[PDB]
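Some notes on the structure that comes next.
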Amino acid sequence: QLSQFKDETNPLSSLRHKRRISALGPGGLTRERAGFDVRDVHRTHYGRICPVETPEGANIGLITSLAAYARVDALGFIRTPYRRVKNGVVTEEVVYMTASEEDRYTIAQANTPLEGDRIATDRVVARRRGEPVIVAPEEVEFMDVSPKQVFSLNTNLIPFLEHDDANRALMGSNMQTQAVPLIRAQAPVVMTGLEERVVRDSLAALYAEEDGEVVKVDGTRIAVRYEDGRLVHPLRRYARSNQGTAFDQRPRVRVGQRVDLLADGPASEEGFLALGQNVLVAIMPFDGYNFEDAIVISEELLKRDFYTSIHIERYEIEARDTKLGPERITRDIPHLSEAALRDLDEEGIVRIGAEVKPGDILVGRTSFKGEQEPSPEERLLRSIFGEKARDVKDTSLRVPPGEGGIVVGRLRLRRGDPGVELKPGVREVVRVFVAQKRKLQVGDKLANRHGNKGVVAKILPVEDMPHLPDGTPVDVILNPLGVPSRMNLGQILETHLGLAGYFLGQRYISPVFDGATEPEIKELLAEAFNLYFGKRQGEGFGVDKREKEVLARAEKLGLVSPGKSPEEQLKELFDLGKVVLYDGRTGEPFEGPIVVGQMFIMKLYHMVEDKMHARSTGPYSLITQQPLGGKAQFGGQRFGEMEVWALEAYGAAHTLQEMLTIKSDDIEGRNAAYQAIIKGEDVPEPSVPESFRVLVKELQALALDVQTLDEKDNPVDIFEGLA
Amino acid sequence: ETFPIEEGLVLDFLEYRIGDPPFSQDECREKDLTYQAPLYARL
Amino acid sequence: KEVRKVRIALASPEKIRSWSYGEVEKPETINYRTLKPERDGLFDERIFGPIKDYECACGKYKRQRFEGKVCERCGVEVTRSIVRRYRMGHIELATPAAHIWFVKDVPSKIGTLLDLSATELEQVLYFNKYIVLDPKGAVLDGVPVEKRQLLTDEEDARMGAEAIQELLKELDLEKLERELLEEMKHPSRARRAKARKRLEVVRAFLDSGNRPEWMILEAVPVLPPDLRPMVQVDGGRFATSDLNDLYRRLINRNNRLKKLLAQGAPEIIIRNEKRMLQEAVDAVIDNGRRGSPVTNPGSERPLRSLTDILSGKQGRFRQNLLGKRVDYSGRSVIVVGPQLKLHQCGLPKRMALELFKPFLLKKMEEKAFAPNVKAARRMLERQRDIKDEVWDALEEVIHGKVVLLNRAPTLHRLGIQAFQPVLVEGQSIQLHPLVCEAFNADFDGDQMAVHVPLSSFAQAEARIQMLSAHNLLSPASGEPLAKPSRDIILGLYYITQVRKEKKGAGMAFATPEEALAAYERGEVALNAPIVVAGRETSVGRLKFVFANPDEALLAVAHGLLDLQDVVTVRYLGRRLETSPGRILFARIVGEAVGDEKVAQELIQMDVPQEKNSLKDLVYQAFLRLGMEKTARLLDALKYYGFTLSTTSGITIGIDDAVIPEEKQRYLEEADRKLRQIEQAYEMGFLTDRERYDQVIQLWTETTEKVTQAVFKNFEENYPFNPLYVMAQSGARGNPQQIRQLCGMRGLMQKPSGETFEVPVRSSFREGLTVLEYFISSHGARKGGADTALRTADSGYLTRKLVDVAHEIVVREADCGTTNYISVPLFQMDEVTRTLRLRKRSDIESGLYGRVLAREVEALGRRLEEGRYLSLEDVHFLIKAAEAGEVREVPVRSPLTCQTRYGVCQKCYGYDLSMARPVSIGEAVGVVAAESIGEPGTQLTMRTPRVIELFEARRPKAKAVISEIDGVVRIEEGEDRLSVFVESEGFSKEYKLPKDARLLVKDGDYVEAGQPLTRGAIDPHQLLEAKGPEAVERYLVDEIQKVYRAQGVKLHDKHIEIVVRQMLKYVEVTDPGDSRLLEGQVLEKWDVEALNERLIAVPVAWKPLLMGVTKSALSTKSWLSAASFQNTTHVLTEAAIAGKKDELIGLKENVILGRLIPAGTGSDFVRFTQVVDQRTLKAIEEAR
Amino acid sequence: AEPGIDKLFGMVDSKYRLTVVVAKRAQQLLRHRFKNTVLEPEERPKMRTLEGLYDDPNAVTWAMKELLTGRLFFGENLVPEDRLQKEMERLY
Ligand SMILES: [Mg+2]
Ligand SMILES: [Zn+2]
Ligand SMILES: [Zn+2]
């Protein structure tokens, strides 16, 4: 259990696991949805040495993660958060120290503030203070030592993480758990240099050692060093992840420099833990193609293949060997002989660099096998055309339901071999690899860092969009309502301050419960406007009918102050609100001081091409006599209970029954169907259950009986018994 | 803490020795085999 | 023929062999060390032993066979079991056994006198000292006492468990005795039972065939289910089954017995063995004792012995009864976005295809495409990018037809609907907004299956009932549903809200001045005055009731008027004040139905705004209009429903959240007050707990004020501009979510049950002081536990509901029954020991559309007895009410209507949803429980009170009732604050401990004795101290109380079409004929049995109240049932008595692959119709 | 919703009973030889899709709309469920 096959998705996530921490497992504190007690229990607590925004909602609480400053020296028994004592000394006698209270990083000035009301803490409550008195050490321990100390790590990494509901963040401090190597990466305009770690200590990218000076070939490997002599350097080559990530390691350098990094990471940029792609964005709605809670992409978001990735699925295919039929892999596939094969596959294995689509043989094979011998009329054909007969049921691999892709390679194996630890009684264990240059069609989840799950609506083809007065359209939207007004947050400061990016030209570091505030953005929004407005004012224009007009309402609206020419006013709008904007639809303006600002877009794991299973009869399973079968397909779809009810809630007799009838387990009924329609018009057969027919005997197992008793007592029907 | 499993007839537990992984890393991922590292212990 | 009544029950060992027919015994070699299959003993293919060269003789014809070696044209290659039943014979002849004889003391235990050790003998260790022959130590008798050695003091009489099989064909004729003999043991009291249950015991048998063939001599296991073999991929293969290795246990023993006795194994041994079989039998049966883990010793898993699996719950039974599977099913993501809304649906080209693959081929037949369907799929291969004209065809499979659409989870029939189809591009499936709500599941990229009914008689049996444009408008529960939830509101909302930006209040003399002049500065759309007007002038914009007020729209068309409520003078029916910021409204909603004429009335313009009055407009359009428009209309608030919100937008900015510059003042204040408050307790006055309640009760109240503030600065300064506003008034957003946003929000409480000192240091435009985003977390996460508990506890409450109610249908229409039941109209409020007037909703959803009782004289208009009170009418009484001619309006619902056969027409007020009274047939049974299909999530297991009662469980404490009434009696004392009652006849001691201390000087029938002012104690004593009088109520309103503090738009019908159940049962009282002085029989049957039979003798019953679950179990049938706690136990007393189990019982049919007697299948509709005049004029001359 | 749907639900004894009738005079209808419905001229619905047109093979809708021509009755009429095929010759 606990083993939780590592979730090495991104470089981070993984790490968290190495932490997470749970009272679940084999130790007694255990199962889902309570024993005797679990609801009133593992609630919150009295331990700040832990974030309170990481669980989820199901087996909640019983899962989280430790925090940064926590567990050093004696972690061996009971957690111990670091503590500050005014100067160059430190203590952390466990998360038990509840004697003498502590301060909470606020106000200061070279060892001593002046609050006069030390925002300190006793046990749990939060008494006003009582400045212990002497800068001479804390009241036996007092100082957040730093803000972030309160949260794990999977937390202290979100922008104004001091401006949203807890549960918003939560539904975020777990989204990050699911990223995607967009290869392009970016490292957020906003953020906390903790990324100085994130990568490194998780060893995503690489590192170094004392001396310096490169040389290299780049290609795959990397130069060396000078100190302890030369030293080659492997890397990755995409490689397999435990779910798809497919982690690569392109690098950086050229000649000689040793600080101290070395070659990128999967989802990374110059040591700055990059995870997503911070393109522009802007609140507001549009044809509601963002109802409830949706996002709207701009095809240009494909042009520059910004959003895309890769996933590697290992395909395990075998051939044991009974004693009746011996399974092997000659590229001489029977019955079906075509260029469709011999050209690509050939000699079994298929050369690297081959494009593949659904049903495309992956490792063709044979198998002697004679299960259903010679047919009747069929013989009228085996010759009619003269393809004689076959002797080795096609048995092949053929790509699953669907997975058009490439080939990073193959791989062969076999018995008696010294290193081949195959399952006894077998030989061969073909294991070809395929990855897929992903993309972003219409459905994948986007979501940001403060809680806002996307759900692509209808990506737009440039022409449309919000055309900034200077061409630049809004690559991304994200209409309010849903979680903004609702389940509140802050982020936004990740929009405004944002624009002070595509424009102002700088990126920023925004700590937690410290720095980055409502006035900050202003002083920043400053030079920004003068700048932007600058260009145009010295480039061509300054104030236009449209760009101006709006400003009108801007006033009547209850915003702009009736001042100087359109300059001053047009400014303000900036600062917080966003400059004008028009509309690639009609072309009019967007009556209202809209908002805009490059921010952050993630595009989590829950894609689509991976989370979908469509089909028909396909399955057809045995013993169960109910769908779930196919050496090709493999879907399902339960209707189990509820789904039922709601249906009978009306009179879908022929439809309700229809389920449990033909489209379920009428066996004959099954064929009666396909045949029925296949043939043509006709209310496919009435019905005959089965799973029940089962229960009957299944029941009769014991001393029971099931006179499928008929009408007026004496008719007595026991139907099923042969037919 | 594991009494020398009783029945003369008396076993003894003395010292360990490990490391020496029979299958260095990567190899294993090319196939399987945990990067296990065998040991022993004089008895 | 055609199925019907489903018989079952026993099949005496004599029978075993019947089905057993033959085949069995021998060993069970689960294959050979070699050629895997067969073994010539176990799952051996009947008469298949390598090369039997026979058996094929039994078969008449059909095909050849007999191939000597290997195998012939037998089943082994084809038709092997064919999933059919195949009985094994078992060689079993050894001593005795026991088919579990259940866990209720039957098939033994009772039928003698035995138990607590009726297995001290049956499981060999004692003896059922049968045999008459003068004993010694004190006579013999005929029942266990041979404590071993004793049955050796004489050295019949045997420990052997064959004794049950002994007195078998024995106490069988004496069954004509037990019938007689026993019952004759009358009165004395207490002991009155046993014999009671004993009755049935015998009474189940008798002229109901069967025998005590419960003793066993031939277990009978099949073989098919097991012979499953090698499974590869990923990382493991090898393959085997269970029940077999479980089975084995048996035969081996039953085999080793015989050969280990024949060789003379004297005493001791013999039993100790034999019994093995016994134990070995409790194998295939039920592993319920010590266990039989695999891996033996093996400290592990449980042998799948019909326990936890097969027959059990959620393994096979709970699985294949409903947990079935469509076959054209599938799934996909989730979208949205204007289309044609309703009947329209996303669906992706490809993805689709398959679902329709069948016919697809078909059409491709005669009509080009291809020749023989033979190919067909041959062209659908390896994604050979079909496209070409094919697509141009699939829409001939599509076109007109429709499909479904479900959701995970599902707590509303709305849960499906089903839309017609069309198709855009790419994967992921789109859907129309509104429906969104009917799933209360946002767009976190979720998925939704899209099954597809195939049968023509299912499609019509769909769209015309399933089409998203039908059972989604006004839905069950009460109010409507297909309304424009979030967003759309704002989109229009905006186009309204006056705007009065206030500029002044100068003056005028009718336009010359002011009006003219003022247009230079100072003043505008304000108040002004020229004689009696304000400033709606300048622009006249006129017309006539034609096709365009023209100006207006065309006026703003240019850089003129502001579409947003600017205010010009309209002209439509007559001089309109309104602006285009509202006239437009009409026009669209007008263009929907036609001639704005109507719109006019309906709509509200003298207070547009829009929000919670939209439900209405649509909802009112209904009654007066009718679906075929509701769509168009509700489907216009789509197009424009968005464009407005579009070509206007309304962002949000860190700024936008406006701090109330009238804030830092209020705050400061309080604290001060506090300052002393503290520098008070700190001196010497008021215990801590005092000031405690204080400090809190200071912000407990300071808050609301801060709250008040912001919610105005907005509505004066920055009316709509503060988009963070019209998002809470009504459109999409909560109120105490803004004050949280901008205000302060800081009452915040601890973990267990106490409140925090300090509060939240908001100004959420500024950070929090750690502790803040801490204590906040404290409270925050608890929400989380409540949400996952509800969603995970729903697993106990909804299923039971769904169950206890089930057969509830409604054929026929006119069971004209008496005893009406006036719906309460005024409730005693225990805050006001007088009388309020109810929120005017409970009434609504408590009378909304009903079937009046006895005349409704009042306010001049007379409302005839027996009438469907239209919403329009509830008002007629609602508003009316006041006067005082009606305080308890009458009508009939389910609290009466002696027809457990269903629920009959017109007894279920109106029919909630479709404008009309209960349509005919309707299986309300569903909707019934499916009424509580929006609760779950919304509630609180975390105490849960929605059942403490629902299951008649004597609540926690309850604060016991007042047995009867009469004399006050207020006896003061030491520590026993026990007050009582009496009145010259009798009574008792009512002790009210150190709890409630509220007196009273009168009487009252059962009130409450005053301790539990809320929820009477266990009705388990109320009914007793009253009757179904006030026990079919209390709860009924005592329930809602758990919904009336969490929105809830339901009541009336629903929750009251459930109760009936819970009490229906009865406990017979001294009758004649149908016996069972104790009994528990069903309701309505009693009537019939106290009717048809009436024409004699008595049957005097006695109202009886159970719980709900207990209600669900043991019902008119045997078929359904099960599905619960005591799986075996019900099947127990199931067999025995022939139990034919009626039929009418949907859940029944379903399972049994029989049509569901309801909706469009029940008795009421077998109807015909076809006839084209000359066709009907064909048999009109051909007959 | 359904074309004229409002003229249905009521013009019967109750919902289902309607839907019911419908899906019968459908197979029976088109499925028993396309040329069978009561409609005469062009009042017979069509499908002017791509370039070409044709009667919607979705029979089901004819009946709906067929219940708008005074023709056709519904109820316990002519007990010979078989004889419903008595026409199964007069229409071949
Ligand atoms: Mg979710
Ligand atoms: Zn043979
Ligand atoms: Zn009735």
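Here Swiss-Prot sets the residue numbers for chain C, with the shown residues being 3-157, 453-1240, 1257-1409, 1413-1499 in order.
The deposited model was determined using X-ray crystallography, 4.0 Å.
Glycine residues also receive a Cβ, built from the backbone N, Cα and C atoms like all the rest.
Site annotation (Swiss-Prot): Zn(2+) 2 is bound by C:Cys1194, C:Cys1201, C:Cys1204, and the candidate from C:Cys1039, C:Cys1112 recorded at this site is C:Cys1112.
When secondary structure is read from DSSP and collapsed to three states, C:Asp741 (Mg(2+) binding site) falls in the coil class. Less than 6 Å separates the Cβ from ligand 1 in the case of C:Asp741, drawn from the binding-site residues C:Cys76, C:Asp741, C:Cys1194, C:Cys1201 in sequence order.
Looking at C:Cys58 (Zn(2+) 1 binding site) and C:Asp739 (Mg(2+) binding site), their Cα atoms lie 63 Å from each other. DSSP assigns C:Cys73 (Zn(2+) 1 binding site) to coil in the three-state reduction, placing it in neither a helix nor a strand. Between the listed binding-site residues, namely C:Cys73, C:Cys76, the fewest other CB atoms within 10 angstroms of a CB are found at C:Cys73.
Listed in sequence order, the residues C:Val1107, C:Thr1114, C:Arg1189, C:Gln1195, C:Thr1196, C:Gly1199, C:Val1200, C:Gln1202, C:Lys1203 complete the 8 Å Cβ shell around the Zn(2+) 2 site centroid, once C:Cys1112, C:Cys1194, C:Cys1201, C:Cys1204 themselves are left out. With a threshold of 8 Å between Cβ atoms, the binding-site residues C:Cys58, C:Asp739, C:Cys1194, C:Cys1201 that neighbour chain A are C:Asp739. In this structure, C:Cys1112, C:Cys1204 are the binding-site residues from C:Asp739, C:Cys1112, C:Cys1204 whose C-beta falls under 6 Å of some atom of ligand 3. Of all the Cβ atoms in the protein chains shown, 21 others lie within 10 Å of the Cβ of C:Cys1201 (Zn(2+) 2 binding site). Looking at C:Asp741 (Mg(2+) binding site) and C:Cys73 (Zn(2+) 1 binding site), their Cα atoms lie 58 Å from each other. Highest Cβ count within 10 Å among the binding-site residues C:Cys58, C:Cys60, C:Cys1194: C:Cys1194.
A coil conformation is recorded for C:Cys1201 (Zn(2+) 2 binding site) in the three-state DSSP classification, outside any helix or strand. Considering only the binding-site residues C:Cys60, C:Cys73, C:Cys76, C:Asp739, C:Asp743, the residue whose Cα is spatially closest to the Cα of C:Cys1112 (Zn(2+) 2 binding site) is C:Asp739. In the shown protein chains, 15 other C-beta atoms lie within 10 A of the C-beta of C:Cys1112 (Zn(2+) 2 binding site).
If you check the binding-site residues C:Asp739, C:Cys1201, C:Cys1204 against C:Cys76 (Zn(2+) 1 binding site), none has a Cα inside 10 Å of its Cα.
The two recorded residues, C:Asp743 (Mg(2+) binding site) and C:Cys60 (Zn(2+) 1 binding site), have Cα atoms 58 Å apart. C:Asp739 (Mg(2+) binding site) has C:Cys1201 as its nearest neighbour among the binding-site residues C:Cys60, C:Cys73, C:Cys1194, C:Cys1201, going by CA to CA distance.
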